[PDB]
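In structure tokens, one chain follows: the form deposited in one PDB entry.
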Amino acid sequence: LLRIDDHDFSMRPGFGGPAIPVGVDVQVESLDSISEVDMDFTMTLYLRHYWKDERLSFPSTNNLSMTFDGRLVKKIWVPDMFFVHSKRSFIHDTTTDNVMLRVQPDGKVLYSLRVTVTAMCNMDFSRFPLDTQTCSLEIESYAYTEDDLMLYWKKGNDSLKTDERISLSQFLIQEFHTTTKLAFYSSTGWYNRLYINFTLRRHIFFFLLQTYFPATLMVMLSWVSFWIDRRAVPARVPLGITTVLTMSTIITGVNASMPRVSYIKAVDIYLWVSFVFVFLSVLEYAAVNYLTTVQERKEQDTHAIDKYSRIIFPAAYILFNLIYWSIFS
């Protein structure tokens, strides 16, 4: 039906003349995973192309579109899109190549394929884990400059659809939209580039329950010492030491999961402030013990330091929490 043997498909339509326009639209099937250690995400989508080539015209009386097997895609000419700044990708091939080709009697062509991509995304963790991130996926032609191929969104802002099943267990997904920009390479020229943009927001419940509550409970345990007879030395000393030693484990367990950045995160501040709060309660009792021994040496109830600590330590911690949650909201 299609006159495939007649023509040299190594050359584009309009070869030697003005640029060929090619339109694009997209449907996202899933957003698959995200990594902070590697700074990347994975996405699966359907991608579609539109153009006209009169070498693929055929006669009919119905003026309708026809579908063809799919093994003809490797005989005709086809555009050459690639994903910019991507780590890896593939096209699906079970039970056969997931490819579709439809042609109109005047030579208009529709071409579609299903693909999975993993792409680069630079992340900022200064407000972690109360953070927000923004991402994009880039599309461009490899071989042809804007003097030979013209690339655009087919229907404007309506060119992007999203599956209603899309979900991530740790993030809220929002603000899908599309943009365009021109790009330059020194050795080869100017190119059109298409963008798909979106925003992510992290859920905090896991981190409350797994980090912020136990640190608070250790701080509250250290306060119990102020309520115990100053004469019970082998009770008051280990009570403080054990809380110091636990707070160290919590600090280690948090930071072992993240990338080794060169700046402080919002969770680090909270944990290290709680550490100094616990550390100071040990020096307090050391002072009380020394001053009591001096009194014994002079001579040979509740001490004022205990009496004041019972008020001062909790008030200070409450002030710190008010400030912190005013800053990070």
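In this text, rigid core is short for the largest set of C-alphas that superpose within 1.5 Å between two forms. In case it trips you up, residue 1 is the first one in the sequence shown, and so on.
The same protein has a further form, the form deposited in another entry, not shown here; the description that follows concerns it.
S.K.: Of 98, 167, 145, 248, which one's CA moves 2 Å or more between this form and the one not shown, core aligned?
M.R.: Spelled out, the residue whose C-alpha shifts by 2 Å or more is 248.
S.K.: Just checking, between this form and the one not shown and with the core aligned, does residue 213 shift 2 Å or more at the CA?
M.R.: Yes, its C-alpha moves 2 Å or more.
S.K.: Quick one: core overlaid, is residue 186 moving 2 Å or more at the Cα between this form and the one not shown?
M.R.: After core superposition, the C-alpha of residue 186 moves less than 2 Å between this form and the one not shown.
S.K.: Comparing between this form and the one not shown on the rigid core: C-alpha of residue 158 shifted by 2 Å or more?
M.R.: Stays below the 2 Å threshold, so no.
S.K.: Since the C-alpha distance between residue 167 and residue 259 changes by 3 Å or more in the other form, give its direction relative to the shown form: closer or farther.
M.R.: Their C-alpha distance shrinks by at least 3 Å in the other form.
S.K.: Closer or farther: how do the Cα atoms of residue 262 and residue 37 compare in the other form relative to this form, given a change of at least 3 Å?
M.R.: Compared with the form shown here, the C-alpha atoms of residue 262 and residue 37 sit closer together in the other form, by 3 Å or more.
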